[PDB]
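1. need coordinates for the following:
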Amino acid sequence: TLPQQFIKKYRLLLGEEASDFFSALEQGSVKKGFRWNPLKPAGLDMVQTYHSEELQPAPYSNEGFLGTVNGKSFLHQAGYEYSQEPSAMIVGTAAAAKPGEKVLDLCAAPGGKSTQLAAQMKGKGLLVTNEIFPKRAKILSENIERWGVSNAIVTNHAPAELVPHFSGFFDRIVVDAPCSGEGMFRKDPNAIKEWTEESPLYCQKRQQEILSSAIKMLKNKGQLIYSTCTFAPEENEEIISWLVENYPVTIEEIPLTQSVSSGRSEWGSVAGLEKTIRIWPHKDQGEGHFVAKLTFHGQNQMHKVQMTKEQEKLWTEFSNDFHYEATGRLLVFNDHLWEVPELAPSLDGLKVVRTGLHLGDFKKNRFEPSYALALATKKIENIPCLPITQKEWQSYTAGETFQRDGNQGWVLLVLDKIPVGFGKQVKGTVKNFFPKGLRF
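-> Residues are numbered from 1 along each chain as shown. This is the structure:
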């Protein structure tokens, strides 16, 4: 059930190719995928074992598989899998963030791309992940934590609000722009309902506004990755032309093994458009995406909290017998202990949902380690562990205590090789610290 105006537009744009395109749109299958997590202990091995050693690789990411995720099992709970549609993975792959970079994901929910960036960065550098909707930012924040990311600041702002804080700051910025959503037709039937003939141009103007803020946050020779889940020239090639015409930016190659369709020079007004990437449902794998990588050559304008004495004592105790040592700065807000990357600027004046690695909470004469810390553990040989069975995993995620002889205190619960959270072994029974908001 395509919109008549859409059918006419793309009949003219595509010519005879249009038939295969509509036929893909109306009869084809929505592609499903997920990624394993190189940040995790034995990430891939654990997926091969408890998901499948048969599953087929996804076309557009080194860590992608075709298939669906059991949202209620342990590989998902512990962040060993992130479900993401196959063509969407192209964006994070194009971005190729590097360990140690300052990286911005400007329109970030649900967290598909931030999560591939973080995998790329291997806990080095600084990932700021911004979402404009407070509700979605919460979701984004919870996925970052699940995924075990320790170097992220999760932000809740409109692009422009960030500029004063991050002018000329980033090595790399990913803008997965709100767009007309013609690549979401198969997947979300509401997307068809909401589409009008004026959507592409309406979205084009918003894209320009978002990007005019983004470009200010780029370092000299910083890279901008722009993407969209729509087919419209108005939001793709015309946006890239506009960028090239109004800014000192160069269109760059996006190396890939998987062959793909390309941007069309006749849909833009500048050279190099063929270096941009198109994913067509009738032609390539996945739902539909546009991606472009550019280099910026300008030079942008660049213009309590300490732990209590007792909190110092408390944390040092824990960090000692648990054998974890902090790398970033230790700050407290609301008795929440955070470890913040050194790269973070001052966050005063920012709406920050997540400030680096949440280490734990201070309470009545005590420090309690966090779910986040459990799920960011990489080195299991080094800390007190209590191996559990899947049945015990069931009880644990239900919020129930289980029994284990001993009195070892704070322990990382580990399923095979998967850290699933903290328990506290007190007199033969493991007490439950699976976050209440997550129990089944």
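2. assumed residue 48 was part of a helix.
-> Yes - checked against DSSP: H, G, I helix; E, B strand; the rest coil, residue 48 lies within a helix.
3. neighbours of it, how many?
-> 15 (other Cβ atoms under 10 Å). The C-beta positions use only the backbone N, C-alpha and C, and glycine is treated the same way.
4. residue contacts, it?
-> Listed by Cβ atoms under 8 Å, 6 or more residues apart in numbering, the contact set of residue 48 is empty.
5. could you measure from it over to residue 64?
-> Distance, residue 48 to residue 64, by Cβ to Cβ, to the nearest Å: 14 Å.
6. got it, and residue 125?
-> Taking Cβ to Cβ, one finds residue 125 at 23 Å from residue 64.
7. hang on, isn't residue 307 packed against residue 335?
-> No - look at residue 307 against residue 335 with Cβ atoms under 8 Å: they stay out of range, at 10.4 Å.
8. specify which residue of these two has the higher count of neighbours.
-> Between residue 307 and residue 335, counting by other Cβ under 10 Å, residue 307 is the more crowded of the two (18 against 13).
9. which stretch of helix or strand covers that one?
-> Per DSSP states H and E: residue 307 is located in neither a helix nor a strand.
10. which one is it nearest to, not counting chain neighbours?
-> residue 332 (5.7 Å; Cβ to Cβ, 6 or more residues apart in numbering).
11. quick check: bridge partners of the one you found?
-> Beta-bridge partners recorded for residue 332 (DSSP bridges): residue 337.
12. surely residue 225 is in a strand?
-> Yes - Residue 225: assigned to a strand according to three-state DSSP.
13. show me the contacts for it.
-> Applying Cβ under 8 Å, 6+ apart, we find residue 225 in contact with 91, 94-95, 172-175, 291-294.
14. mind doing that once more with 10 Å?
-> 91-97, 105-106, 113, 117, 172-176, 252, 254, 291-294 (Cβ atoms under 10 Å, 6 or more residues apart in numbering).
15. anything in contact with each of residue 48 and residue 64?
-> Going by Cβ under 10 Å, 6+ apart, residues that sit against residue 48 and also against residue 64 are residue 36.
16. list the contacts of the residue nearest to residue 307.
-> Contacts of residue 332 by Cβ under 10 Å, 6+ apart are 304-308, 311, 315, 338, 359, 361-362.
17. same question, residue 153
-> 104, 126-130, 144, 340-341, 343-345, 347, 350, 352-356.
18. over to residue 163?
-> Taking Cβ under 10 Å, 6+ apart, one finds 157, 169, 212-217, 300-301 in contact with residue 163.
19. mind listing what's buried in stretch 96-111?
-> 96-97, 101-111 (16 or more other Cβ atoms under 10 Å).
20. which one of the residues you listed is nearest residue 273?
-> Nearest to residue 273 among the buried residues of stretch 96-111 is residue 96, at 20.5 Å by Cβ to Cβ.
21. give me the number of residues near the residue nearest to residue 346 when sequence neighbours are not counted?
-> Counting by Cβ to Cβ, 6+ apart, the nearest residue to residue 346 once its immediate chain neighbours are dropped is residue 165, at 7.9 Å. Close neighbours of residue 165, defined as other Cβ under 10 Å, add up to 17.
22. repeat that for residue 304.
-> Around residue 304 there are 6 residues (other Cβ under 10 Å).
23. can you tell me how far it is from residue 259?
-> Noted for residue 304: a distance of 56 Å to residue 259, by Cβ to Cβ.
24. in this structure, which residue is closest to the centre?
-> residue 114 (2.4 Å; Cα atoms, centre = their mean).
25. assign that residue to helix, strand or coil.
-> helix.
26. also residue 39?
-> Assigned by three-state DSSP, the conformation of residue 39 is coil.
27. that one is in contact with residue 117, isn't it?
-> No - shown here, residue 39 and residue 117 do not form a contact pair, counting by Cβ atoms under 10 Å, at 11.3 Å.
28. what's the overlap in contacts for the two?
-> residue 149.
29. and the two? Which one has more around it.
-> residue 117 (28 against 22).
30. can you tell me how far the more buried one is from residue 433?
-> Per Cβ to Cβ, residue 117 is found 29 Å from residue 433.
31. now residue 98
-> With Cβ to Cβ as the criterion, residue 98 and residue 433 are 35 Å apart.
32. quick revisit: are any of the contacts of residue 153 buried, and which?
-> 104, 126-130, 144, 340-341, 343-344, 347, 350, 352-356.
33. of those, which belong to strands?
-> Counting by DSSP state E, the part of the buried ones among the contacts of residue 153 found in strands is 104, 126-130, 340, 352-355.
34. export those residues to JSON lines and tack on distance to residue 150?
-> JSON lines is the format used below for those (distance: Cβ to Cβ, whole Å):
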{"residue": "104", "distance to residue 150": "18"}
{"residue": "126", "distance to residue 150": "11"}
{"residue": "127", "distance to residue 150": "10"}
{"residue": "128", "distance to residue 150": "14"}
{"residue": "129", "distance to residue 150": "13"}
{"residue": "130", "distance to residue 150": "18"}
{"residue": "340", "distance to residue 150": "10"}
{"residue": "352", "distance to residue 150": "15"}
{"residue": "353", "distance to residue 150": "16"}
{"residue": "354", "distance to residue 150": "11"}
{"residue": "355", "distance to residue 150": "11"}
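35. nearest to residue 382 among the residues you listed?
-> residue 340 (22.5 Å).
36. quick check: closest non-adjacent residue to that closest one.
-> Excluding the flanking residues, the one nearest residue 340 by Cβ to Cβ, 6+ apart is residue 356, at 3.9 Å.
37. isn't that neighbour up against residue 129?
-> No - between residue 356 and residue 129 there is no contact, the gap being 11.9 Å when judged by Cβ under 10 Å.
38. shared neighbours, those two?
-> Here residue 356 and residue 129 have 149, 152-154 as joint contacts, going by Cβ under 10 Å, 6+ apart.
39. now for those: which two are most distant?
-> Pairwise over the shared contacts of residue 356 and residue 129, using Cβ to Cβ, the maximum falls at 149 and 153, 10.3 Å.
40. now do the helix of greatest length in the chain: which elements does it pack against?
-> When the chain is parsed with DSSP state H, its longest helix is helix 199-216. In terms of contacts (3 or more Cβ pairs under 10 Å, 6 or more residues apart in numbering; DSSP states H and E), helix 199-216 is packed against helix 4-14, helix 159-166, strand 170-176, strand 218-228, helix 237-246, strand 289-296.
41. pull the CA atoms of the helix or strand following the fifth one into PDB?
-> Counting by DSSP H and E, the next helix or strand C-terminal to helix 237-246 is strand 249-252. The C-alpha trace of strand 249-252 is given here as PDB (Å, rounded to 0.1, in the frame of the first residue of the first chain):
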ATOM      1  CA  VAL A 249      34.300  19.800   3.500                       C
ATOM      2  CA  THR A 250      35.500  17.000   1.200                       C
ATOM      3  CA  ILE A 251      33.500  13.900   0.300                       C
ATOM      4  CA  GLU A 252      35.500  10.800   1.300                       C
END
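42. right, I'll call it a day here.
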